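Content type mmCIF, C-alpha atoms, from the file entry05.cif:
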```
data_upload
loop_
_atom_site.label_atom_id
_atom_site.label_comp_id
_atom_site.auth_asym_id
_atom_site.auth_seq_id
_atom_site.Cartn_x
_atom_site.Cartn_y
_atom_site.Cartn_z
CA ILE Q 1 82.64 106.17 228.48
CA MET Q 2 83.24 102.42 228.54
CA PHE Q 3 87.04 102.32 228.33
CA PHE Q 4 88.30 105.88 227.87
CA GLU Q 5 90.06 106.12 231.24
CA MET Q 6 91.01 109.80 231.11
CA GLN Q 7 89.58 112.59 228.95
CA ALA Q 8 89.57 116.33 228.23
CA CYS Q 9 88.77 118.92 230.89
CA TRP Q 10 85.75 120.38 229.09
CA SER Q 11 83.80 119.83 232.31
CA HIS Q 12 86.40 119.85 235.09
CA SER Q 13 87.86 122.93 233.40
CA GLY Q 14 91.43 124.11 233.91
CA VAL Q 15 94.35 126.16 232.62
CA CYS Q 16 95.59 124.66 229.35
CA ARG Q 17 99.28 125.59 229.33
CA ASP Q 18 102.69 123.99 228.74
CA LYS Q 19 103.36 120.68 230.50
CA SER Q 20 106.50 122.34 231.84
CA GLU Q 21 104.69 125.49 232.95
CA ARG Q 22 106.44 127.31 235.77
CA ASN Q 23 103.07 128.52 237.07
CA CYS Q 24 100.81 125.47 236.85
CA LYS Q 25 98.30 124.41 239.50
CA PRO Q 26 97.24 120.98 240.89
CA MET Q 27 96.17 119.53 237.54
CA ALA Q 28 93.72 116.62 237.42
CA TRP Q 29 93.15 113.46 235.38
CA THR Q 30 91.58 115.77 232.80
CA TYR Q 31 93.75 117.10 229.98
CA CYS Q 32 93.67 119.54 227.06
CA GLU Q 33 94.35 117.47 223.93
CA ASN Q 34 98.01 117.53 222.91
CA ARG Q 35 100.79 115.99 224.99
CA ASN Q 36 102.51 119.38 224.85
CA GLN Q 37 99.68 121.14 226.69
CA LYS Q 38 98.05 120.03 229.95
CA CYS Q 39 94.89 121.18 231.72
CA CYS Q 40 95.97 122.37 235.16
CA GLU Q 41 93.69 123.38 238.03
CA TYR Q 42 91.84 126.56 237.03
#
```

Starting from the coordinates I provided, produce the structure as structure tokens.
Amino acid sequence: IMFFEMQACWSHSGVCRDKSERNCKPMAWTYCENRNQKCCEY
């Protein structure tokens, strides 16, 4: 990576759910892919 600030959570891992999930954990810079789903803390 030489510019891609953030990135998927393929390594950091996490729970890929709805951005407005009522049961999400302390997500990290990592994400899932779509702006509708975020990668929260496993």

Expected selection from the PyMOL selection byres ((chain Q and resi 38) around 9), given as a ChimeraX atom specification: /Q:14-20,27,30-37,39-40

Distance of CA of residue 2 (chain Q) from CA of residue 41 (chain Q), expressed in Å to one decimal place: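 Distance reported for this atom pair: 25.3 Å.
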
Atomic separation - CA of residue 28 (chain Q) relative to CA of residue 12 (chain Q), Å: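 The value is 8.3 Å.
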
Residue among Q:6, Q:42, Q:13, Q:1 lying closest to residue 29 (chain Q), counting only C-alpha atoms: Q:6
